[PDB]
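One line per chain: the protein sequences are A and B, in this order.
full-length UniProt numbering applies: residue 3264 is where the first sequence begins, and numbers increase by one.
full-length UniProt numbering applies: residue 3264 is where the second sequence begins, and numbers increase by one.
Protein chains: 2
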Amino acid sequence: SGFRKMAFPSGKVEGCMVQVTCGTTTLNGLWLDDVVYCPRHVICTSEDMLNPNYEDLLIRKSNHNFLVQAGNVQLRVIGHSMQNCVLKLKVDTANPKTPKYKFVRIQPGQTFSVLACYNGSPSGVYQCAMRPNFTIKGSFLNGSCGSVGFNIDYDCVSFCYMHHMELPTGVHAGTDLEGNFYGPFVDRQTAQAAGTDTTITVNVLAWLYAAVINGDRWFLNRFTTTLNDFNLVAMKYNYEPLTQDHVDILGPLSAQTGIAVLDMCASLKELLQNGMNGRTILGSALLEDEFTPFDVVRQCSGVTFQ
Amino acid sequence: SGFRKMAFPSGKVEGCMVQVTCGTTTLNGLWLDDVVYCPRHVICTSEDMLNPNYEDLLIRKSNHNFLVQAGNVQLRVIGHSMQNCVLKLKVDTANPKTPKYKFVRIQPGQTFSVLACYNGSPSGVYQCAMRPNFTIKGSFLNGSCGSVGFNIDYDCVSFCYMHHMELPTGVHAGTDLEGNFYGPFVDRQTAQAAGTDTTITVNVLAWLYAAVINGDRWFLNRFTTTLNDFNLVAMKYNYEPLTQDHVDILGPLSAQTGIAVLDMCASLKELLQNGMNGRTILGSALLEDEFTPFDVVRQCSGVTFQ
Ligand SMILES: [Zn+2]
Ligand SMILES: [Zn+2]
């Protein structure tokens, strides 16, 4: 029993981590097989990214302006290519310590674990969601660029995010593992647009099911609703509105608890509409939205495999 | 910038983890050098722990009623001894994958990371505090016994906790790595006393400093106080009262922010005494107490080494 926001174990990743140092400016890369993945602004000492022209900067660099460290050596680089916002760094050896992976483009609302790193060394691991405006609300100090975010199920790591920048208003932006930003963001030091951060409605509902499972089943009430109904309260309070894919994802949670998705929607509104002040759900004074319906089925219910 | 409750990277530990299976009943152990550490109630199928006599149970077992699994094999056990609430399981090989460690008896108020495991395999990692009543507010399903909690600084793992039981009221109890429970608890299935869970006052203060650092410096107010003053509000609201070791631990935080420990105490009271409703601190609607002053200095300030 209990409910914690767990990260995936990070061992499979701590040994894909390396240092990438161009001239100056030191940051992290991901060493898989015989390649190293890193933010292309490693090559920026030029006029900074107050207006950088990456393709013209990158041509002053040769194959061996690029030193990496993996615990202790070099790795010698026998090639490079810029691929949207990522560098690749062809090295001479395959990482003995590479596991099964894919890259994937997570879509907002979903969760991953971040292994925060500084010049190649693990600092910590935390769980996060990609906000509906494709930013993450992270914890990153200077030197953490290139840190990555991953999912696991088997012994198979599904790398999904690479940290690139801190926005001028405290939030974090990055790429998938082939260098396309999430969101409209660019890897320049300019003030970057950023829309409305919505609450991930489907995730809040998963968490209210967790609360019922793990003891706290007394935010429920005696009313019920339609999806059109709830969405007009939803839309109003800055929640992502729900459709039919959400209701079906919630399926077995409604089954193990014996509560219709729609009656759960029904009690959330009274929390969203006329609520405000007092009690407690699974230990939070807020509605949490960084658990997906799968995160819950794990922390309570339905084993995975290993 | 930002502030997250990070766990330590768990790779160093995922490879100290093994399965221990007696007859039936399967749970986790810790495989260090040529020894395996596990809850002694692995040997309980006897009348259950509704009243178990461990020393008489343990004598029906021989050296090789005890099978462990480490990823794939056995480890053959060439000895055993019961040491308070832990088993040891003398095995024939040293874990090739053991790192630098100690055992330590954490004291309430401090934090560690938990690697939640099931029959030898990692599920996840989360950060927690030992509550002042020597329980932890965890997330543990059936089969997680033997999961452990650890601290890191170097490449040196300081194992500090081993999960033993779930109390009848939802909370978790365990031992240090030489088998003495934290708290007055016993490894029997009986209703176990459990005193008042206090808020770790010194940790709340560390977190309010983090909020000032990481943007949120407007819970501060125009008053000040004495330690005797605050403690009488403190005592009243079920906070651990502060002394002089707390004030000094908070030292450099007061230095980087330019705020006297006592003026911080001063604003907390207005939050503790006449407060109630509205705003937001570092994203929480509650006063968080699972960051120690060291956890903060890390997530913001003062690197460690590696
Ligand atoms: Zn970067
Ligand atoms: Zn146990």
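Think of the CB as a built atom: it goes at the ideal place given N, C-alpha and C, for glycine as much as any other residue.
- Here the C-alpha atom of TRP3294 (chain B) lies approximately 14 Å from the C-alpha atom of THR3284 (chain B).
- Taking a contact as a CB-CB distance under 8 Å, the pair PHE3329 (chain B) and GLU3441 (chain B) does not count as one, their CB atoms being some 19 Å apart.
- In this structure, the C-beta of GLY3409 (chain A) approaches ligand 1 to less than 8 Å from one of its heavy atoms.
- According to DSSP, residue pairing for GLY3387 (chain A) in a beta bridge involves A:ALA3379.
- One alpha carbon belongs to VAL3336 (chain A), the other to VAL3276 (chain A), and they sit about 19 Å apart.
- Of B:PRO3515, B:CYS3528 and B:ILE3512, the smallest CA-CA separation from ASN3484 (chain B) is found for B:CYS3528.
- The C-alpha of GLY3541 (chain B) lies about 15 Å from the C-alpha of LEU3550 (chain A).
- Looking from the CA of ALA3436 (chain B), the closest CA among B:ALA3473, B:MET3393, B:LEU3468 and B:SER3384 belongs to B:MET3393.
- At least one heavy atom of ligand 1 is found less than 8 Å from the C-beta of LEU3290 (chain A).
- Distance from the CA atom of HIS3327 (chain A) to the CA atom of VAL3305 (chain B), rounded to whole angstroms, is 56 Å.
- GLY3514 (chain B) sits exposed, since fewer than 16 C-beta atoms from the chains shown fall within 10 Å of its C-beta.
- Look at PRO3302 (chain A) here: in three-state DSSP terms it is strand.
- In its chain, beyond the 5 residues on either side, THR3289, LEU3290, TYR3381 and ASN3382 have a beta carbon closer than 7 Å to the beta carbon of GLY3406 (chain A).
- Taking C-beta atoms under 8 Å as the contact rule, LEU3338 (chain B) and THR3361 (chain B) fail to qualify, at a distance of about 13 Å.
- One finds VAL3377, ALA3379, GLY3387, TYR3389, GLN3390, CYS3391, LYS3400, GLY3401 and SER3402 in chain B with Cβ atoms closer than 9 Å to the Cβ of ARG3267 (chain A), taken in chain order.
- Note on geometry: alpha-carbon atoms of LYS3351 (chain A) and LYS3268 (chain A) lie some 33 Å from one another.
- Only exposed fits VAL3566 (chain B), as fewer than 16 other CB atoms lie within 10 angstroms of its CB.
- Taking a contact as a CB-CB distance under 8 Å, the pair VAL3465 (chain A) and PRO3556 (chain A) counts as one, their CB atoms being some 7 Å apart.
- A residue is called buried once 16 or more other Cβ atoms fall within 10 Å of its Cβ, and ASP3319 (chain B), having fewer, is exposed.
- In the DSSP secondary-structure assignment, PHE3444 (chain B) is bridged to B:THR3438.
- A contact between stretches requires three or more CB pairs, one per stretch, nearer than 8 Å, and the segment 3489–3509 of chain B meets this requirement with the segment 3454–3465 of chain B.
- Rounded to whole angstroms, the gap between the alpha carbons of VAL3349 (chain A) and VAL3420 (chain B) is 34 Å.
- Judged by DSSP in its simplified three-state form, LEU3350 (chain A) adopts strand.
- Where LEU3471 (chain B) is concerned, the enclosing alpha helix (DSSP H) starts and stops at 3464–3476.
- If you compare the alpha carbons of A:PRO3371, A:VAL3388, A:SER3384 and A:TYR3364 with that of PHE3375 (chain B), the shortest gap goes to A:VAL3388.
- Between the C-alpha atoms of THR3506 (chain A) and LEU3490 (chain A) there is a straight-line separation of about 7 Å.
- Residues of chain B with a Cβ closer than 7 Å to the Cβ of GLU3277 (chain A) are, in chain order, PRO3272 and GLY3274.
- For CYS3419 (chain A), the uninterrupted beta strand (DSSP E) run begins and ends at 3419–3429, by DSSP.
- Using a Cβ-Cβ cut-off of 9 Å, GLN3282 (chain B) does not count as an interface residue toward chain A, since no Cβ of chain A sits closer than that to its own.
- In this chain, the beta strand (DSSP E) harbouring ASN3414 (chain A) covers 3411–3415.
- Each of B:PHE3271, B:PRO3431, B:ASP3479 and B:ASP3439 was checked against the Cα of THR3543 (chain B), and the nearest Cα belongs to B:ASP3479.
- Chain order gives the chain A residues near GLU3429 (chain B) as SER3264 and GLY3265, where near means a beta carbon separation below 9 Å.
- Secondary structure at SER3517 (chain B): helix, using DSSP grouped into helix, strand and coil.
- Looking at the DSSP output, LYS3365 (chain A) shares a beta bridge with A:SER3421.
- Here the C-alpha atom of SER3530 (chain B) lies approximately 53 Å from the C-alpha atom of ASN3316 (chain B).
- Annotation for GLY3342 (chain A): no beta strand (DSSP E) segment contains it, and DSSP assigns it neither H nor E.
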